[PDB]
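Here's the structure, in structure tokens; my notes come after.
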Amino acid sequence: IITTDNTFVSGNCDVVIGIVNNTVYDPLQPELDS
Amino acid sequence: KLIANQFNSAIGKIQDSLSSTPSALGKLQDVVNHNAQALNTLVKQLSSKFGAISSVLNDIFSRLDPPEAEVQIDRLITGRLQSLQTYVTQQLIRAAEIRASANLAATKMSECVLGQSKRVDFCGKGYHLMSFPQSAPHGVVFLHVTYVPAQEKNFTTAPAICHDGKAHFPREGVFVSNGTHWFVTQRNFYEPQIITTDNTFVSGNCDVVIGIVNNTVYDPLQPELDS
Amino acid sequence: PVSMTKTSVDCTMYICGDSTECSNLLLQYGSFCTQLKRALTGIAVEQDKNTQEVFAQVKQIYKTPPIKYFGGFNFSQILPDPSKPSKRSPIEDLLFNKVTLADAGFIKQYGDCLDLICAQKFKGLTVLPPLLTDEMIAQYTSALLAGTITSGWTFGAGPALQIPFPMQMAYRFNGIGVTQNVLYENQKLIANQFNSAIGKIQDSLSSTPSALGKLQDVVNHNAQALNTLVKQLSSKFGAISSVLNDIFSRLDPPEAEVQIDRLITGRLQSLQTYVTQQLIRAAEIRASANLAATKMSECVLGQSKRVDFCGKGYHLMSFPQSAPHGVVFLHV
Amino acid sequence: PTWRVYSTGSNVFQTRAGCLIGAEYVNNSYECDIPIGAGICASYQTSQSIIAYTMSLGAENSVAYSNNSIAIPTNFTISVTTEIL
Ligand SMILES: *[C@@H]1O[C@H](CO)[C@@H](O[C@@H]2O[C@H](CO)[C@@H](O)[C@H](O)[C@H]2NC(C)=O)[C@H](O)[C@H]1NC(C)=O
Ligand SMILES: *[C@@H]1O[C@H](CO)[C@@H](O[C@@H]2O[C@H](CO)[C@@H](O)[C@H](O)[C@H]2NC(C)=O)[C@H](O)[C@H]1NC(C)=O
Ligand SMILES: *[C@@H]1O[C@H](CO)[C@@H](O[C@@H]2O[C@H](CO)[C@@H](O)[C@H](O)[C@H]2NC(C)=O)[C@H](O)[C@H]1NC(C)=O
Ligand SMILES: *[C@@H]1O[C@H](CO)[C@@H](O[C@@H]2O[C@H](CO)[C@@H](O)[C@H](O)[C@H]2NC(C)=O)[C@H](O)[C@H]1NC(C)=O
Ligand SMILES: *[C@@H]1O[C@H](CO)[C@@H](O)[C@H](O)[C@H]1NC(C)=O
Ligand SMILES: *[C@@H]1O[C@H](CO)[C@@H](O)[C@H](O)[C@H]1NC(C)=O
Ligand SMILES: *[C@@H]1O[C@H](CO)[C@@H](O)[C@H](O)[C@H]1NC(C)=O
């Protein structure tokens, strides 16, 4: 699963050729919402 | 501070080792000795008679008629030419060895001084850090500085740890324990650390790995940041 | 290939045996024996040095633990066994049987010499035994293998540190970009594949089409050079006879001198040609020895990232095996 | 003719390389010296006499290899070596 820990963010979505819209799952907020 | 002190001491010992009597520059001296003995043999070869009446061209010409003085000097010429071609052959044979040595020296220069080399036992013995060259007569001297560990200790180790039915694997370290507790540390130095979520990664369940140990893994997030 | 057979030549009797007059005749020619003797001695010294450089690389003699279970992996076909006077692996024994077709002779005590070595020996062509013996070479290989198996690469960089075998393979696969859990899940099948490959190695070697032509080539070249040097003696060289006694008793002094001189010159040319060939062969002999030493240092003592250096593919391990005048590596 | 080396200088030693005269074989495997073929290095030792023996390749060792047992270094050393080409 492509999570926040599996990838690093750099730049925006208008400079890379072939970038694909896809969700990235946060392993922090949803279950550890206490 | 300690590393610099060790480096300075090691540099100091080099001077004493070199200035001491058992010189290690046998390689450079061997070439000079070989060349000197070759030239000595060649210069002494002129004394060989090669089956002639005398080795003096003037004496042979004065005290002998041309009809066979011609063949005497001819044979002397053949012998001397044989000596020269032999010497040239020896020199060009040694030339290939010199070329190979120079090529190896240049390669080591480039791969050890211009950068850090991972090749085993190439730039010295151990873990090469950097190198220093020194000019020598008909040669070069390299000074390789390497990393040598010491004072090892023995700890119980496990391939992985299962926490909640899932196996946990070290990220860039090993699992160690000198008994009760378990710790994660780097391979090349003892630096035990608490096993946490960021220290390891989960890969599948914990009933397929051989040697796994059921131990807890700490969460550095929930117990404090529970607000 | 590693080393080639050390030999010595007795110039004074080769040029003329049982001829005192020829001994005086050659004396007036000066010295064409000091230099060829020096060259032969240097060749032999380099030959011994090549083997010493290749094999003498560890200061400690390591012994395998009595238990021979290492993650289920097989090592029996490469470990030496005490069931033989020579503690050689069965692969080593197969190699020795394969290459033992041509050899130095295994005997140099002259007691059995009253029919090929003796013919050359009677013409003053001797062979000097190597400094290191096969027992010592096999001991070197066994110590290297034991240190490798028991420590990894730590023994190659100082003090040997024990480390579980599957753990060590795990870190090694981590060294090629593969996570250790792959091994920790596929260990049994990996060991099965390794054992199958090791077993197939044995039948590949024991099969008829031997690929060990490299080592045989050196021995054949040395033998052929020796035979042609021997046969060059019978040449007339423009003389009347090739027999010293015949040419002496059948001829007067004032012509017998140049008669002997012509043969002396011809045989001297033969000797100088032979020694030049010996040097030019020792050239690539030393080159191959250096290459083998570098390869064993970079593949046996550690894991190499160089492409197609330690085998084909992604190198893991390279196991050395002693060979007659050579060494054999098993690249994983 | 006159070159005889007395009548018996020492116990004559028969080797693979030939016959050795003037030295005594010992059963102590020392480090190498002026070498003889087939793994014999002759040395001058203790009064003082020339002795022959068999090569000792190195000190024996045995790593305590075991399950789940690992050795982790805690000290380190900085080493400098000199090489001549
Ligand atoms: C490492 O663990 C082992 C435990 O097996 C210890 O090694 C001892 O090593 C010596 C010589 O190498 C052997 O004679 C002993 O038999 C070994 N001990 C045992 C219990 O077998 C050692 O104490 C530990 N520590 C270090 C630094 O080696
Ligand atoms: C193994 O070594 C670690 C490292 O020293 C030991 O951890 C110590 O544990 C005691 C127990 O209260 C603490 O007071 C120390 O502060 C700890 N040291 C460090 C550096 O954190 C551990 O006790 C050792 N033995 C085991 C794990 O059985
Ligand atoms: C490694 O494989 C060899 C295979 O030869 C094992 O040696 C024995 O070899 C004979 C003849 O090939 C077989 O019939 C035996 O079955 C083999 N023994 C075993 C136990 O397989 C050698 O024992 C193997 N090594 C280990 C550690 O088992
Ligand atoms: C590794 O061992 C060496 C052994 O010499 C330690 O060197 C000592 O360092 C201290 C502090 O600098 C000095 O007071 C001692 O005199 C040094 N020893 C000697 C024999 O002179 C070194 O500190 C150790 N380092 C580590 C990280 O363990
Ligand atoms: C993703 O969708 C948004 C929708 O407006 C669009 O603007 C953007 O270009 C898309 N990016 C990619 C990589 O398809
Ligand atoms: C996991 O924990 C259980 C406790 O019920 C234990 O029996 C088992 O041995 C543990 N697994 C290990 C140590 O690999
Ligand atoms: C694991 O332990 C057993 C029992 O002591 C032993 O026979 C085996 O060789 C060990 N395996 C290793 C150290 O890889």
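Swiss-Prot numbering applies to chain B: residues 921-1147, in that order.
For this deposited structure, the header notes the method as electron microscopy, 4.0 Å.
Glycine residues also receive a Cβ, built from the backbone N, Cα and C atoms like all the rest.
Feature annotation from Swiss-Prot assigns disulfide bond to B:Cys1032-B:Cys1043, B:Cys1082-B:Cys1126; the stated evidence is experimental evidence. Marked as N-linked glycosylation site by Swiss-Prot: B:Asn1074, B:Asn1098, B:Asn1134.
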Distance from B:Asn1134 (N-linked glycosylation site) back to B:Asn1098 (N-linked glycosylation site), taken between C-alpha atoms, in Å: 16
Comparing the Cα of B:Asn1134 (N-linked glycosylation site) with the Cα atoms of the recorded positions B:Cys1032, B:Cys1043, B:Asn1074, B:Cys1082, B:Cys1126, the shortest distance belongs to B:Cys1082
Candidates B:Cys1032, B:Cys1082, B:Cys1126 (disulfide-bonded residues); nearest Cα to B:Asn1074 (N-linked glycosylation site) turns out to be B:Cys1082
Checking B:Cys1043, B:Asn1074, B:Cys1082, B:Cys1126 - which of these recorded positions have a CB within less than 8 A of a chain D CB? B:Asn1074
Assigned conformation of B:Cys1032 (disulfide bond) - DSSP reduced to three states: helix
Local Cβ density at B:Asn1098 (N-linked glycosylation site) - other Cβ atoms counted within 10 Å: 14
Using Cβ atoms only, which residues of the same chain lie under 8 Å from B:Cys1032 (disulfide bond) while being at least 6 residues apart in sequence? B:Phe1042, B:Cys1043, B:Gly1044, B:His1048, B:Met1050, B:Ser1051, B:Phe1062, B:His1064
Given B:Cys1043, B:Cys1082, B:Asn1098, B:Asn1134 as the recorded positions, which ones have a Cβ positioned under 6 Å from some atom of ligand 2? B:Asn1098
Using a Cβ-Cβ cut-off under 8 angstroms and a sequence gap of six or more, which residues of the chain neighbour B:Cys1126 (disulfide bond)? B:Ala1080, B:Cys1082, B:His1083, B:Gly1085, B:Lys1086, B:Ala1087, B:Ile1132, B:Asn1134
Let me make sure I understand the structure: which of the disulfide-bonded residues listed (B:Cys1043, B:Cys1082) has the fewest other Cβ atoms within 10 A of its Cβ? B:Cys1082
